[PDB]
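Asker: Compact mmCIF, C-alpha atoms, file target19.txt:
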```
# COMPACT_ATOMS: atom_id res chain seq x y z
CA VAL A 1 -187.26 -113.19 -58.81
CA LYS A 2 -187.53 -109.70 -57.40
CA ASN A 3 -184.10 -108.56 -56.23
CA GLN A 4 -182.18 -111.81 -56.49
CA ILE A 5 -180.46 -113.55 -59.39
CA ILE A 6 -179.66 -117.24 -59.07
CA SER A 7 -177.33 -119.03 -61.45
CA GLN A 8 -175.85 -122.52 -61.62
CA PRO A 9 -172.42 -122.16 -63.25
CA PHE A 10 -171.23 -125.63 -62.26
CA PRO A 11 -173.78 -128.37 -61.50
CA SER A 12 -172.93 -128.63 -57.82
CA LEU A 13 -172.58 -124.84 -57.57
CA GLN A 14 -175.10 -122.07 -56.98
CA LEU A 15 -174.23 -118.39 -57.36
CA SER A 16 -176.55 -115.73 -55.97
CA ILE A 17 -176.47 -111.99 -56.64
CA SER A 18 -178.85 -109.97 -54.50
CA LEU A 19 -179.41 -106.25 -54.12
CA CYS A 20 -179.84 -105.65 -50.40
CA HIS A 21 -181.63 -102.34 -49.88
CA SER A 22 -181.67 -101.53 -46.17
CA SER A 23 -184.09 -98.56 -46.49
CA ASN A 24 -183.70 -97.17 -42.97
CA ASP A 25 -170.06 -116.12 -47.01
CA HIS A 26 -170.14 -112.93 -49.02
CA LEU A 27 -167.33 -112.52 -51.56
CA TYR A 28 -166.15 -108.94 -51.67
CA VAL A 29 -164.03 -109.40 -54.80
CA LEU A 30 -166.93 -109.95 -57.15
CA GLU A 31 -168.85 -106.98 -55.74
CA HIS A 32 -165.81 -104.76 -56.20
CA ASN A 33 -165.32 -106.06 -59.72
CA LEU A 34 -169.00 -105.42 -60.45
CA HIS A 35 -168.53 -101.78 -59.53
CA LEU A 36 -165.41 -101.54 -61.68
CA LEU A 37 -167.07 -103.32 -64.61
CA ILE A 38 -170.01 -100.94 -64.69
CA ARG A 39 -167.53 -98.10 -64.23
CA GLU A 40 -165.57 -99.18 -67.31
CA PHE A 41 -168.85 -99.63 -69.15
CA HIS A 42 -169.68 -96.00 -68.40
CA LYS A 43 -166.20 -94.78 -69.31
CA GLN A 44 -166.30 -96.52 -72.69
CA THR A 45 -168.85 -93.96 -73.87
CA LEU A 46 -167.00 -90.94 -72.46
CA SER A 47 -163.61 -92.10 -73.73
CA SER A 48 -160.89 -90.03 -75.37
CA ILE A 49 -160.50 -92.84 -77.91
CA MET A 50 -163.60 -91.52 -79.75
CA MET A 51 -161.80 -88.16 -80.40
CA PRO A 52 -160.38 -87.82 -83.96
CA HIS A 53 -156.98 -86.05 -83.80
CA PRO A 54 -157.15 -85.21 -87.58
CA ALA A 55 -159.61 -82.26 -87.49
CA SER A 56 -161.28 -83.39 -90.77
CA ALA A 57 -161.68 -86.98 -89.44
CA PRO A 58 -165.34 -87.50 -88.34
CA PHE A 59 -165.60 -89.40 -84.99
CA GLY A 60 -165.70 -92.90 -83.44
CA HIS A 61 -163.18 -95.40 -81.95
CA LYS A 62 -159.48 -95.24 -82.92
CA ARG A 63 -158.86 -98.85 -83.94
CA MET A 64 -162.06 -98.81 -85.98
CA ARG A 65 -160.45 -95.97 -87.90
CA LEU A 66 -157.22 -97.97 -88.17
CA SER B 1 -106.98 -151.11 -47.10
CA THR B 2 -108.97 -148.50 -45.12
CA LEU B 3 -111.08 -146.95 -47.93
CA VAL B 4 -110.51 -143.47 -46.51
CA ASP B 5 -106.85 -143.82 -47.45
CA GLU B 6 -107.64 -145.05 -50.94
CA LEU B 7 -109.96 -142.05 -51.29
CA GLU B 8 -107.14 -139.74 -50.20
CA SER B 9 -104.66 -141.38 -52.57
CA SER B 10 -107.04 -141.23 -55.53
CA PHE B 11 -107.90 -137.60 -54.78
CA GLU B 12 -104.20 -136.75 -54.77
CA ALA B 13 -103.92 -138.72 -58.01
CA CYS B 14 -106.51 -136.43 -59.64
CA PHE B 15 -104.07 -133.52 -59.38
CA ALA B 16 -100.82 -135.30 -60.33
CA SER B 17 -100.74 -133.97 -63.87
CA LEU B 18 -100.84 -130.37 -62.66
CA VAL B 19 -98.40 -130.38 -59.75
CA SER B 20 -95.04 -131.34 -61.24
CA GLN B 21 -92.08 -129.69 -62.91
CA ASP B 22 -101.32 -132.51 -75.37
CA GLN B 23 -105.07 -132.92 -75.29
CA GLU B 24 -105.54 -136.69 -75.38
CA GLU B 25 -102.99 -137.31 -72.64
CA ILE B 26 -104.93 -134.88 -70.44
CA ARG B 27 -108.23 -136.47 -71.45
CA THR B 28 -107.39 -140.10 -70.69
CA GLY B 29 -105.63 -139.17 -67.45
CA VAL B 30 -108.59 -137.09 -66.29
CA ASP B 31 -111.11 -139.80 -67.17
CA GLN B 32 -109.23 -142.53 -65.33
CA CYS B 33 -108.54 -140.41 -62.24
CA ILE B 34 -112.12 -139.14 -61.95
CA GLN B 35 -113.59 -142.61 -62.48
CA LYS B 36 -111.47 -144.18 -59.75
CA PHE B 37 -112.25 -141.23 -57.48
CA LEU B 38 -116.02 -141.58 -57.90
CA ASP B 39 -115.79 -145.36 -57.58
CA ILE B 40 -114.08 -145.15 -54.20
CA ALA B 41 -116.55 -142.45 -53.13
CA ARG B 42 -119.46 -144.75 -53.94
CA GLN B 43 -117.79 -147.61 -52.07
CA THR B 44 -117.41 -145.38 -49.00
CA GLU B 45 -121.09 -144.42 -49.15
CA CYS B 46 -121.96 -148.11 -49.48
CA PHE B 47 -119.94 -148.87 -46.35
CA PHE B 48 -121.72 -146.19 -44.34
CA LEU B 49 -125.11 -147.40 -45.53
CA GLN B 50 -124.32 -151.02 -44.64
CA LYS B 51 -123.24 -149.97 -41.17
CA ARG B 52 -126.41 -147.90 -40.77
CA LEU B 53 -128.51 -150.88 -41.85
CA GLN B 54 -126.87 -153.13 -39.28
CA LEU B 55 -127.45 -150.52 -36.59
CA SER B 56 -131.07 -150.02 -37.63
CA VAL B 57 -131.74 -153.73 -37.35
CA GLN B 58 -129.74 -154.32 -34.16
CA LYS B 59 -130.12 -151.14 -32.07
CA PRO B 60 -133.32 -149.41 -33.22
CA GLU B 61 -133.58 -146.94 -30.31
CA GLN B 62 -130.91 -144.75 -31.90
CA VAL B 63 -133.06 -144.29 -35.01
CA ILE B 64 -135.99 -143.21 -32.83
CA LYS B 65 -133.69 -140.76 -31.05
CA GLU B 66 -132.68 -139.17 -34.36
CA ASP B 67 -136.33 -138.94 -35.40
CA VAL B 68 -137.15 -137.22 -32.10
CA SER B 69 -134.37 -134.71 -32.76
CA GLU B 70 -135.50 -133.99 -36.33
CA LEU B 71 -139.13 -133.46 -35.35
CA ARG B 72 -138.05 -131.09 -32.59
CA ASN B 73 -135.98 -129.09 -35.06
CA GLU B 74 -139.01 -128.98 -37.36
CA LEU B 75 -141.08 -127.55 -34.50
CA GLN B 76 -138.52 -124.86 -33.68
CA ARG B 77 -138.08 -123.96 -37.35
CA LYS B 78 -141.84 -123.61 -37.85
CA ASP B 79 -142.10 -121.31 -34.84
CA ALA B 80 -139.21 -119.15 -36.08
CA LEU B 81 -140.88 -118.78 -39.48
CA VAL B 82 -144.25 -117.85 -38.01
CA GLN B 83 -142.65 -115.31 -35.66
CA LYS B 84 -140.85 -113.54 -38.51
CA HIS B 85 -144.06 -113.57 -40.52
CA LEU B 86 -146.08 -112.19 -37.61
CA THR B 87 -143.69 -109.28 -37.10
CA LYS B 88 -143.96 -108.48 -40.81
CA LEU B 89 -147.76 -108.61 -40.58
CA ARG B 90 -147.85 -106.21 -37.66
CA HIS B 91 -145.54 -103.82 -39.46
CA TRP B 92 -147.79 -103.94 -42.50
CA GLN B 93 -150.88 -103.31 -40.40
CA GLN B 94 -149.17 -100.21 -39.03
CA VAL B 95 -148.36 -99.15 -42.58
CA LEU B 96 -151.83 -99.72 -44.03
CA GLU B 97 -153.51 -98.04 -41.08
CA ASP B 98 -151.83 -94.75 -42.02
CA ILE B 99 -153.58 -94.05 -45.32
CA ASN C 1 -125.85 -141.74 -31.90
CA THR C 2 -123.80 -144.08 -34.07
CA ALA C 3 -126.70 -144.43 -36.49
CA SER C 4 -126.44 -140.69 -36.99
CA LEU C 5 -122.66 -140.91 -37.27
CA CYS C 6 -123.25 -143.06 -40.35
CA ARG C 7 -125.39 -140.24 -41.76
CA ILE C 8 -122.65 -137.68 -41.10
CA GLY C 9 -120.11 -139.98 -42.73
CA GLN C 10 -122.27 -140.25 -45.83
CA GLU C 11 -122.68 -136.48 -45.91
CA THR C 12 -118.91 -135.96 -45.73
CA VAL C 13 -118.32 -138.10 -48.83
CA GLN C 14 -121.15 -136.26 -50.55
CA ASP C 15 -119.51 -132.96 -49.64
CA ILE C 16 -115.99 -133.95 -50.70
CA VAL C 17 -117.01 -134.68 -54.29
CA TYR C 18 -119.05 -131.47 -54.55
CA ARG C 19 -116.16 -129.49 -53.11
CA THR C 20 -113.70 -130.96 -55.60
CA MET C 21 -116.12 -130.00 -58.36
CA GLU C 22 -116.20 -126.42 -57.07
CA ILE C 23 -112.38 -126.44 -56.90
CA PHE C 24 -112.17 -127.53 -60.53
CA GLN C 25 -114.61 -124.77 -61.49
CA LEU C 26 -112.44 -122.20 -59.72
CA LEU C 27 -109.42 -123.54 -61.60
CA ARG C 28 -111.42 -123.36 -64.80
CA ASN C 29 -112.23 -119.67 -64.41
CA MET C 30 -108.81 -118.40 -63.25
CA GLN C 31 -107.41 -116.06 -65.91
CA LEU C 32 -103.65 -115.76 -65.22
CA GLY C 33 -107.06 -107.72 -57.32
CA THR C 34 -109.47 -110.44 -58.36
CA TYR C 35 -106.38 -112.57 -59.00
CA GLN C 36 -105.72 -112.43 -55.26
CA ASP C 37 -109.40 -112.97 -54.42
CA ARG C 38 -109.47 -116.17 -56.47
CA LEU C 39 -106.23 -117.20 -54.72
CA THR C 40 -107.90 -116.72 -51.32
CA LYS C 41 -111.00 -118.65 -52.41
CA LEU C 42 -108.84 -121.51 -53.69
CA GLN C 43 -106.75 -121.73 -50.52
CA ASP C 44 -109.84 -121.54 -48.28
CA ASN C 45 -111.58 -124.28 -50.27
CA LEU C 46 -108.50 -126.47 -49.96
CA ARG C 47 -108.38 -125.85 -46.21
CA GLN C 48 -112.04 -126.84 -45.77
CA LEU C 49 -111.45 -129.95 -47.86
CA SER C 50 -108.53 -131.05 -45.68
CA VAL C 51 -110.77 -130.49 -42.64
CA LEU C 52 -113.39 -132.69 -44.30
CA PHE C 53 -110.86 -135.47 -44.85
CA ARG C 54 -109.76 -135.41 -41.21
CA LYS C 55 -113.40 -135.41 -40.06
CA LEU C 56 -114.08 -138.33 -42.39
CA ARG C 57 -111.27 -140.42 -40.93
CA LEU C 58 -112.62 -139.62 -37.46
CA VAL C 59 -116.15 -140.71 -38.38
CA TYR C 60 -114.79 -143.85 -40.05
CA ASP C 61 -112.90 -144.84 -36.92
CA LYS C 62 -115.87 -144.10 -34.65
CA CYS C 63 -118.32 -146.15 -36.69
CA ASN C 64 -115.83 -148.92 -37.35
CA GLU C 65 -115.17 -149.32 -33.64
CA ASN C 66 -118.82 -149.80 -32.73
CA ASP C 67 -120.70 -157.18 -36.87
CA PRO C 68 -122.54 -160.29 -35.66
CA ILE C 69 -125.27 -160.26 -38.33
CA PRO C 70 -124.08 -160.50 -41.95
CA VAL C 71 -126.00 -158.55 -44.55
CA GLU C 72 -128.49 -160.28 -46.90
CA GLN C 73 -129.95 -161.80 -43.74
CA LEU C 74 -131.61 -158.45 -43.13
CA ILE C 75 -134.08 -158.21 -46.00
CA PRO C 76 -137.64 -159.46 -45.44
CA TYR C 77 -138.51 -161.85 -48.22
CA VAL C 78 -142.06 -163.15 -48.43
CA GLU C 79 -141.90 -166.77 -47.24
CA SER C 80 -140.92 -148.09 -25.12
CA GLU C 81 -141.31 -144.62 -23.63
CA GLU C 82 -139.55 -143.20 -26.70
CA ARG C 83 -142.46 -144.50 -28.78
CA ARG C 84 -144.75 -142.39 -26.61
CA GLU C 85 -142.33 -139.49 -27.06
CA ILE C 86 -142.64 -140.00 -30.84
CA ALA C 87 -146.43 -140.03 -30.56
CA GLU C 88 -146.33 -136.85 -28.47
CA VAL C 89 -144.20 -134.90 -30.94
CA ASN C 90 -146.22 -136.33 -33.84
CA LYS C 91 -149.46 -135.00 -32.37
CA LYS C 92 -147.74 -131.69 -31.61
CA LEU C 93 -146.60 -131.00 -35.12
CA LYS C 94 -149.84 -132.39 -36.55
CA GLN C 95 -151.56 -129.47 -34.85
CA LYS C 96 -148.74 -127.13 -35.89
CA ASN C 97 -149.07 -128.21 -39.53
CA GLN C 98 -152.82 -127.69 -39.57
CA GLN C 99 -152.46 -124.20 -38.16
CA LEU C 100 -149.75 -123.51 -40.73
CA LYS C 101 -152.14 -124.69 -43.43
CA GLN C 102 -154.75 -122.21 -42.25
CA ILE C 103 -152.21 -119.36 -42.29
CA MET C 104 -151.08 -120.40 -45.76
CA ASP C 105 -154.63 -120.57 -47.11
CA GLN C 106 -155.46 -117.11 -45.81
CA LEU C 107 -152.30 -115.69 -47.38
CA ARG C 108 -153.14 -117.35 -50.69
CA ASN C 109 -156.65 -115.94 -50.65
CA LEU C 110 -155.44 -112.45 -49.79
CA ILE C 111 -152.91 -112.54 -52.65
CA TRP C 112 -155.54 -113.76 -55.10
CA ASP C 113 -158.00 -111.07 -54.01
CA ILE C 114 -155.38 -108.34 -54.30
CA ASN C 115 -154.43 -109.44 -57.81
CA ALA C 116 -158.04 -109.74 -58.97
CA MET C 117 -159.13 -106.38 -57.58
CA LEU C 118 -156.04 -104.65 -58.95
CA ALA C 119 -156.43 -106.36 -62.31
CA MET C 120 -159.93 -105.04 -62.77
CA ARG C 121 -159.10 -101.36 -62.15
CA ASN C 122 -157.69 -100.75 -65.61
CA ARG D 1 -160.27 -82.23 -56.88
CA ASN D 2 -159.41 -84.66 -59.68
CA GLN D 3 -155.67 -84.31 -59.18
CA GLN D 4 -155.92 -84.76 -55.42
CA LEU D 5 -158.06 -87.88 -55.75
CA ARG D 6 -155.70 -89.34 -58.36
CA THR D 7 -152.76 -88.88 -56.01
CA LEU D 8 -154.62 -90.62 -53.19
CA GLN D 9 -155.54 -93.52 -55.48
CA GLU D 10 -151.92 -93.90 -56.60
CA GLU D 11 -150.66 -93.94 -53.02
CA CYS D 12 -153.18 -96.67 -52.11
CA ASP D 13 -152.21 -98.81 -55.09
CA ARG D 14 -148.48 -98.52 -54.41
CA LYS D 15 -149.07 -99.60 -50.80
CA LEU D 16 -151.15 -102.57 -51.94
CA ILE D 17 -148.63 -103.72 -54.54
CA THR D 18 -145.73 -103.63 -52.08
CA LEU D 19 -147.89 -105.49 -49.56
CA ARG D 20 -148.61 -108.18 -52.14
CA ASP D 21 -144.93 -108.68 -52.93
CA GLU D 22 -143.89 -109.01 -49.28
CA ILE D 23 -146.79 -111.36 -48.53
CA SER D 24 -145.85 -113.43 -51.59
CA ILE D 25 -142.29 -113.93 -50.35
CA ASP D 26 -143.62 -115.01 -46.95
CA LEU D 27 -146.04 -117.37 -48.67
CA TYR D 28 -143.17 -118.96 -50.58
CA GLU D 29 -141.30 -119.65 -47.35
CA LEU D 30 -144.41 -121.05 -45.67
CA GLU D 31 -145.23 -123.27 -48.65
CA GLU D 32 -141.74 -124.76 -48.63
CA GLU D 33 -141.96 -125.40 -44.89
CA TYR D 34 -145.45 -126.88 -44.92
CA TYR D 35 -145.08 -129.11 -47.96
CA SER D 36 -141.65 -130.34 -46.94
CA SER D 37 -142.85 -131.20 -43.44
CA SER D 38 -142.30 -134.82 -42.49
CA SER D 39 -145.34 -135.41 -40.21
```
Would you put the structure from the file into structure tokens?
Answerer:
Amino acid sequence: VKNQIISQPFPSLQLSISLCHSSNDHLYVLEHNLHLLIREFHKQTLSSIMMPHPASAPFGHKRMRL
Amino acid sequence: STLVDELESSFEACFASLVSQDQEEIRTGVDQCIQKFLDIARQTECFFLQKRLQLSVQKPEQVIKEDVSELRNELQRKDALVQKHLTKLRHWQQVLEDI
Amino acid sequence: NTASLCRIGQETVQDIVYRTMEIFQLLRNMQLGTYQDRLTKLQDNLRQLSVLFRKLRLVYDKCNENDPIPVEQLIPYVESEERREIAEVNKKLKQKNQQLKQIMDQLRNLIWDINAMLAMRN
Amino acid sequence: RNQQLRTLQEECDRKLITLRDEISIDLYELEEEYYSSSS
């Protein structure tokens, strides 16, 4: 809607994710995992897996080379 | 007579091949001794259960007394468990406070 | 009293058979200092078993002292302050069990949260 | 700065893992007691 996402994963269930901006029932686990998920999503770009140890080898992920 | 004494005699009969001064002799002797031993054990358990049944139909206050005792031991055991757990929780709060 | 003596007498017969089984296992493993340790274990087991036999004869005599109703008259076919004591202790450990359930649920939830949060850090 | 923060993170995670194991053993005892209660 504006700052609130509402989902219905199970039919009797309603999940709500809201960004509370103070501008001066809550589950902590999902908030903490949200921070870690976006942190892993950042670190995927800046990973050392993109580095090619063979100097001639161009670039990109390691298993995609394999 | 007196099933205790038959149990004692059969139990001593289980060892009779060892304590004195090949395979199939040992096998048949062991099977017969162990089967008579377990049979008299089951008859002794049957006697104790029949006597408990007659007591539970004639004198039912004793059963209620034993239930009272068992529920009281359950209470004391629950409190002992929660006290040990609470001491461990307070120790872990003192550990986690120091980071 | 006597209707717990019957329970103890059943438990003695249940212990005698288990103890003879443990004795036969000890005699199975004995390979001709640990020699002497197995000797001590064997002699101690045999001592406890003789104690169990004496206790069993005691319990037999006590229950056989203390029947006017024959069995098979006792089965139902188709066609007072101690009760209040029972109700008291029942209500007591009802409350104790519900509090124990709350403690157990909070421990479960803390364990699940710890494992989820630590699983996502990698 | 990176090495100091990594050491602090590792200390926190070791504390949490040991806490989880001790709490799990206590939970096992409490589960046995609660489920095997006569009531």
Asker: Figure out the distance between CA of residue 2 (chain C) and CA of residue 71 (chain C), please, to one decimal in Å.
Answerer: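 Atom-to-atom, CA of residue 71 (chain C) and CA of residue 2 (chain C) are spaced 18.0 Å apart.
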Asker: Set the cut-off to 8 Å and count only C-alpha atoms: what are the residues of chain C that reach chain B? Output as number ranges by chain.
Answerer: C: 1-4, 6-7, 9-10, 13, 17, 53, 56-57, 60, 63, 67, 69, 71, 74, 82-83, 85-86, 89-90, 93, 96
Asker: Would you kindly report the residues of chain D within 8 Å of chain C, using all atoms listed in the file, as a list in words?
Answerer: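 In the required form, that comes to residues 13, 16, 20, 23, 24, 27, 30, 31, 34, 37 and 39 of chain D.
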Asker: When you draw a straight line from CA of residue 4 (chain D) to CA of residue 98 (chain B), how long is it in Å?
Answerer: 17.2 Å
Asker: Which distance in Å separates CA of residue 20 (chain B) and CA of residue 40 (chain C), to one decimal?
Answerer: 21.9 Å
Asker: Could you list, as a PyMOL selection string, every residue of chain A that has an atom within 9 Å of an atom of chain C, counting only C-alpha atoms?
Answerer: chain A and resi 28-30+32-33+36-37+40
Asker: Write out as a VMD selection string every residue belonging to chain B that has an atom at most 10 Å from any atom of chain D, counting only C-alpha atoms.
Answerer: chain B and resid 70 to 71 74 to 75 77 to 78 81 to 82 84 to 85 88 to 89 92 to 93 95 to 96 99
Asker: First collect every listed atom of region 94-105 of chain C; then fit an axis-aligned box around them, widen it by 8 Å on each side, and give centre and edge lengths in Å to one decimal, as AutoDock Vina command-line options.
Answerer:
```
--center_x -151.7 --center_y -125.9 --center_z -41.0 --size_x 22.0 --size_y 29.0 --size_z 28.3
```
